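Take a look at this single chain, the form solved without ligand ADP, given in structure tokens.
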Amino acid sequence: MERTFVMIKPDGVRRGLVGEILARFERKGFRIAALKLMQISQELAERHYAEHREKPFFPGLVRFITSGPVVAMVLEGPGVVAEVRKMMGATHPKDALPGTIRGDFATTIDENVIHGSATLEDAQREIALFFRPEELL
């Protein structure tokens, strides 16, 4: 019952990559435990990126992640956290390999189309912050 948090960023949404991306996770055999379209608020954004509150790129993050609606979801399955990270590819598309989501769909780090939890703790932290308990199935 391991699980991870994934977010198709605003760029992934306006480019129409929601279905294709979900399709990869479904054919992979992972379970969709949660899923919803949403608009991240400024305050919520700054919270998710709380640790980087001091970083210089922080403003740019909050601005982009709230530039439009996003699709949040939770996937379940064996080693899903490390597995989804592997499927997504390197954070910067130029280093992501063909076959991965960022390697096949993205070209810039600022708009790398997607995000996945780095660790199980980060997953819990992120799941609690974007989903109400009744939204997990």
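Note that residue numbering begins at 1 and tracks the sequence as displayed.
Do the CA atoms of 48 to 56 or those of 22 to 30 have the higher mean B-factor in the entry?
On average, C-alpha B-factors are higher across 48 to 56.
93 to 101 versus 31 to 39: which one carries the higher mean Cα B factor per the record?
The recorded data point to 31 to 39.
Out of 71, 87, 61, 74, highest CA B-factor residue
Highest C-alpha B-factor among the listed options: 61.
Residue 114: which third of its chain by C-alpha temperature factor?
Lowest third, going by the recorded CA B-factors of the chain.
Against its chain's modelled residues, does residue 125's Cα B factor rank lowest, middle or highest third?
For residue 125, the deposited C-alpha B-factor lands in the highest third.
The protein also exists as the form solved in complex with ligand ADP; that form is not presented, and the subsequent description refers to it.
With the partner left out here, check for me: in the bound PDB entry, does some heavy atom of residue 92 sit within 4.5 Å of ligand ADP?
Residue-level check for residue 92: yes, a contact with ligand ADP.
Would residue 114 sit within 4.5 Å of ligand ADP in the bound PDB entry, counting heavy atoms only?
Yes - in the bound PDB entry, heavy atoms of residue 114 and ligand ADP come within 4.5 Å of each other.
If you check in the bound PDB entry, is residue 110 within 4.5 Å of ligand ADP, heavy atoms only?
Residue 110: yes, in contact with ligand ADP in the bound PDB entry.
Is residue 61 part of the interface with ligand ADP in the bound PDB entry - any heavy atom within 4.5 Å?
Yes, contact at 4.5 Å.
Only one of these stretches, 71 to 79, 38 to 46, 102 to 110, 24 to 32, has heavy atoms within 4.5 Å of ligand ADP in the bound PDB entry; which one is it?
In the other structure, the partner sits against 102 to 110.
Residues within 4.5 Å of ligand ADP in the bound PDB entry, restricted to 1 to 33 and counted by heavy atom:
Counting only heavy atoms within 4.5 Å of ligand ADP in the bound PDB entry, the single contacting residue of 1 to 33 is 9.
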